[PDB]
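# Remarks on the overall topology
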Protein chains: 2
Amino acid sequence: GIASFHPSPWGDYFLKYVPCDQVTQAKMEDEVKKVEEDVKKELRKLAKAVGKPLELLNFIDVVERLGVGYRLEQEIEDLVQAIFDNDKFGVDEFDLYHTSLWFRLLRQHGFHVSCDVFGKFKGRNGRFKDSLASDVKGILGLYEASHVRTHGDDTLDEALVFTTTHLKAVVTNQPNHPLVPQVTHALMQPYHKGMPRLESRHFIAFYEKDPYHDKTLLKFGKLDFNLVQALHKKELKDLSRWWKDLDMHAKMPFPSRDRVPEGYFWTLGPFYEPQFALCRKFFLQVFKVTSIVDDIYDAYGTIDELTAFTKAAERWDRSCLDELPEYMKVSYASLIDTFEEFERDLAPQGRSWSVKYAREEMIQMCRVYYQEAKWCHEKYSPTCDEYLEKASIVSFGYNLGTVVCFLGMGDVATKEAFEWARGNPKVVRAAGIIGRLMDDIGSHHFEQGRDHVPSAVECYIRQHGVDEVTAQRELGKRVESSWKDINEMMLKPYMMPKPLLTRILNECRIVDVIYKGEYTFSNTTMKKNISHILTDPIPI
Amino acid sequence: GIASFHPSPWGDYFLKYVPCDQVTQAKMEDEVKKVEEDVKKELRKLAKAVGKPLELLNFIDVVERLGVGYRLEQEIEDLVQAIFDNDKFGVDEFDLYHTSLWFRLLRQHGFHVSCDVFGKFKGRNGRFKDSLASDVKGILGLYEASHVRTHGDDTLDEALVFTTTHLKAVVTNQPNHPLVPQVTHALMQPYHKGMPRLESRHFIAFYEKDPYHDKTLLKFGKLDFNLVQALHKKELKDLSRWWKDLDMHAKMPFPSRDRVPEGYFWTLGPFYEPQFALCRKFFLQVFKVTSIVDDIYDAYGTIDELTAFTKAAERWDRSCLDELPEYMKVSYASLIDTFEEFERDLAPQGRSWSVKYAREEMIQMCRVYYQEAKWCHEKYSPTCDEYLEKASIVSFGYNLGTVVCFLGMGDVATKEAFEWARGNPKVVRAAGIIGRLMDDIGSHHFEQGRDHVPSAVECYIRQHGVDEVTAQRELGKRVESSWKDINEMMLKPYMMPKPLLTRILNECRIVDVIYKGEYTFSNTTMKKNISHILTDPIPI
């Protein structure tokens, strides 16, 4: 009632999930496999067809945006490779939508195809023809393709401005145009920058409204979505039990109590496909443990108590439990226990040796937390570049996030990849810059800062002597440059194996979804995003 | 960053408030007092004028909705009384807007005028003429008047359905109509049911856009608003200091740690005018201690520890500090300390004897909290009427709230009034029913309930064997009937003096504003509502 600050939007809904029995689950599995083989047969048909470039382009695009391209991964990559090798594929004669589709697909699969294919859509000024604004479909396609841009894609930089202006006008002057639901959604969330699972859920609904949609592809996307959603909800029921058990170790509740759905929503970002259950188990659990130690560093304890907790984290041993103040013991024990559990989970595969790399990242998290605490306790005001480089990029959590993602991926995560991520590569820093800058820009305005608690916008304002609007614009430029670094990371040849780079790309995407500021955690948008992918199956 | 559940939308903004110097504040005070005398002279002019009902009606309505009728309280009441006695006022000839204005104004001032005044607006069917929908202004006025309805006002019940239908059509078919902002706002928040401070702010903005507005009235409202806002910001600076000092007693943060702005918003509901500073101090402080003890009963402690805390609260003595478990001691001490501070604040006027009644309500709160905890641990499923009568109406906080409101009101709040409120009168029960039922209806849906945690919708569903929609509708009817009891409370002859009933009416209004689900504490709507009345002055 009054003074009640205990929101429980979800209650026991996820704990009360009842999975269907094994006979049923295997029946649904075989149904979806039957339609998968149907899709693959039709795909083979389109590949050997003599002309017909656009049909194969659209078929590939639809299976990808329906969220079932993972069930056809190899088949698609080969096909796109063939398209890239066909130097007489006919791109010169495509309209805006299909030129944009060819460009976007090729860029997303690592092929560094040129922006010159867009030249025929420019006028004498060197700008895109405003006459193209009547081709709503093609403007939408160009808008979506422009978000794969890297450094040196000035055409795509201007294409984003051009398409944004015309798409906003479509929303405003043509409210009843058949594409307005899609245009409005894309303006809020470009597909390439959204969470794969959630954007595929929305595209399934859009695709059903397309009069020319392929019925078997729509059925494939719906059936696989419901199959994969049952796996998610079984995982979330179990992980809810584990999280609740951890919460009941303390007498007073942690802030993260009842926040398993939000944490698991986060966890679905890097990976939603069935084969990453172990990945999702690790990411969720580290998420909870991180939240718990974050509570320690955000409380009203002394800087000596925070020093002791950081040192004890560096030693990483239960002997430290007797030396720590009472209120820190549950969090410290959870650190030791959870990573021991990771070791047990990886022993049958002979992979326990890797837990070490995640443990070090966790120790790093404590160190940067300590630094942030220190800056506040000793009333030091860093510059923006100092705030980022010394604590805040890493304290966002993606140096730990990337290593924990690799933790569950099996033989592809070699020791060499763990050491690569441990050395703070440029792309992991980019993911962290995106997250940290969006979190800080959206958290509060300048006049709502906390004295002596550094933040990116306040640090930029005090360092460069500019106003809030300017600081927001320059930091937004840093976010955009980091996004271009991420898109260059997906261009061949790959630094690390693609399954590993894709985790970092997805970490950036889930941040674009959660920190859509213009709230951050546990608000109405988060509740609706969870409702979209984790409550009911898709009808029929 | 990731796993960060520490939102601080406001930071140190209210702590860093800098008041103006005493000479400046006295200057602004004298300016507003001068324009008050101007307004009063003009009002005297309108009263001593033959056959000008509509000009005087509108003048009174505007000074009230500008939020400065408290500077003319007696002068306005007398005038309205004179209007009720006229009997030749000419109401028989008013159009829809002015008939609605006359009816609403008289009802709000205790005069039980009849619904028959609306007979000329009905057709042969006995329903309001749909032809009236073209009089947007009059439809809006009738909509606003209909929320003062009591038992036996079937005309107003039909008026709400009629005007809602047509106002919704104006919003959808006439988006650019000049009244669309006002209609959209009224459809979300009826004036009569809103928080006076916040609704007067919105009306100040609306009134400036009326080409026929009185420039001096607008200046009166703007200047008084900025003057009273300086008082609120000084009070909130001080109370933020007190609240932060209390919070630093605990090592781990309470859920209510950074929630002074939301709590003070709550506190402005019952009273916003300068004379209730002490009231606001008490309500806010009680709010905070209530939140602290609510945390104890919501934590994962044993039913034996909650038994002990409840018994210790019944004893109300610092000696219990030695008997309680550690994590309860700061909460218990805050109880003892805060109510002692109330004794000190009321000693100079010789009223410390009244703190007793508030202490009793606080003890009742622990009891009803205990009952709710007991039901959960004994896995008991109460009946809906049982859920309400035995814990949940009182646990919303308004038996305590009404007694704490009276605590700061001085000689008007007699010992007899405290004893009237201690005995659970029907109108305090109505306020609690409104609060509890809106909170429970909006908190979660049926499938998101917590096992063994009673809540109104779930209890009604399991008691009566109905579905969620029906339980929500029947409970909404209970809320509506309680609102009719509240409107009856403001009809003469008054049970208690009017200043005391008005606190109860305002408690219901602040609940209608905060639990506007269509959804709880500390969300973007609460942040915007605080922004509207507590950040910047009104320009010019």
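Residues numbered from 1 in each chain as written, not as in the entry; some residues may be left out. Chains lettered and ligands numbered in written order. Heavy atoms only, no water. Residues with missing side-chain atoms left out of burial classes, pairs and counts.

## Some points on the domain arrangement of chain A
Buried accessible area, meaning the area lost when the parts come together, often serves as the stated size of an interface. All names here are of chain A. Per the domain assignment, the segments making up chain A are domain 1 (1–49 + 213–539) and domain 2 (50–212). Taking the mean C-alpha position of each, domain 1 and domain 2 sit 29 Å from one another. Of the residues lining the interface, 53 residues belong to domain 1; the matching set on domain 2 comes to 47 residues. Buried area between domain 1 and domain 2, both sides added, is near 4600 Å², and the carbon and sulfur share of it is 62%. Considering only the side of domain 1, the residues that lose the most area to domain 2 are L43, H213 and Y272, jointly responsible for 15% of the buried surface there. The interface formed by domain 1 and domain 2 includes 9 salt bridges. Its salt-bridge partner being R71, residue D224 comes within 2.9 Å of it at the nearest N-O pair. Those elements that place two or more of their residues in the side of domain 1 that touches domain 2 are α1 (22–48), α9 (215–247), α10 (260–268), α20 (468–489), α21 (498–514) and α22 (524–534). Tallied by class, residues from the side of domain 1 that touches domain 2 come to 25 nonpolar, 10 polar and 18 charged. (Domains from an automatic or database assignment. Contact = heavy atoms within 4.5 Å. Buried area = accessible area lost by both parts, 1.4 Å probe. Salt bridge = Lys/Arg side-chain N within 4 Å of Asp/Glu carboxyl O. Helix = DSSP H or I, 4+ residues; strand = E, 2+ residues; numbered from the N terminus. Nonpolar A, V, L, I, M, F, W, Y, C, P; charged D, E, K, R; others polar.)

## Looking at the pattern of salt bridges
What the rule picks out here adds up to 82 salt bridges over all chains. Among the salt bridges present, the one from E305 of chain A reaches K251 of chain B, with a minimum N-O distance of 3.0 Å. Here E305 of chain A is found in helix α12 (residues 303–315), whereas its partner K251 of chain B is found in the loop between α9 (215–247) and α10 (260–268) on a different chain. By relative accessible area, which is 15% here, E305 of chain A ends up buried. Salt bridges linked by common partners bring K33, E36, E37, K40, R71, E75 and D224 of chain A together as one network. (Buried < 20%, exposed > 50% of the residue type's maximum accessible area, 1.4 Å probe, protein only.)

## So, the environment of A456 of chain B
All names here are of chain B. Relative to the helices and strands, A456 resides in helix α19 (residues 456–464). For the pair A456 and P382, spaced 74 residues apart in the sequence, the C-alpha separation amounts to 9.8 Å. Apart from the residues lying within four places of it in its own chain, the contact partners of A456 are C384, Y387, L437, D440 and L475.

## Section: the UniProt feature "binding site: Mg(2+) 1" in chain A
Per the UniProt record, the feature "binding site: Mg(2+) 1" sits at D294 and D298 of chain A. Its relative accessible area of 11% is what places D294 of chain A among the buried residues. Here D294 of chain A is in contact with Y369 of chain A together with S4 and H6 of chain B, once residues within four sequence places are set aside. Its location among the elements puts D298 of chain A in helix α11 (residues 277–298). Once residues lying within four places of it in the same chain are set aside, the contact partners of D298 of chain A are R450 of chain A together with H6 and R257 of chain B. (UniProt positions renumbered as here; feature names shortened; annotations may be inferred.)

## What about empty space enclosed by the protein?
Counted as a void, the largest cavity has a volume near 70 Å³. Contributing to the lining of the largest cavity are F283, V286, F287, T290, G397, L400, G401 and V404 of chain A together with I2 of chain B. Every element with two or more residues in the lining of the largest cavity is listed here: α11 and α16 (398–407) of chain A. Ranked by the residues each element gives to the lining of the largest cavity, the list is headed by α11 of chain A, at 4 residues. For the lining of the largest cavity, the residue count by class is 6 nonpolar, 3 polar and no charged. (1 Å grid on protein atoms, 1.4 Å probe; cavity = no way out; pocket = protein on both sides within 12 Å on 5 of 7 lines; lining within 4 Å. Points joined across faces, edges and corners; volume = space filled by probe spheres on them.)

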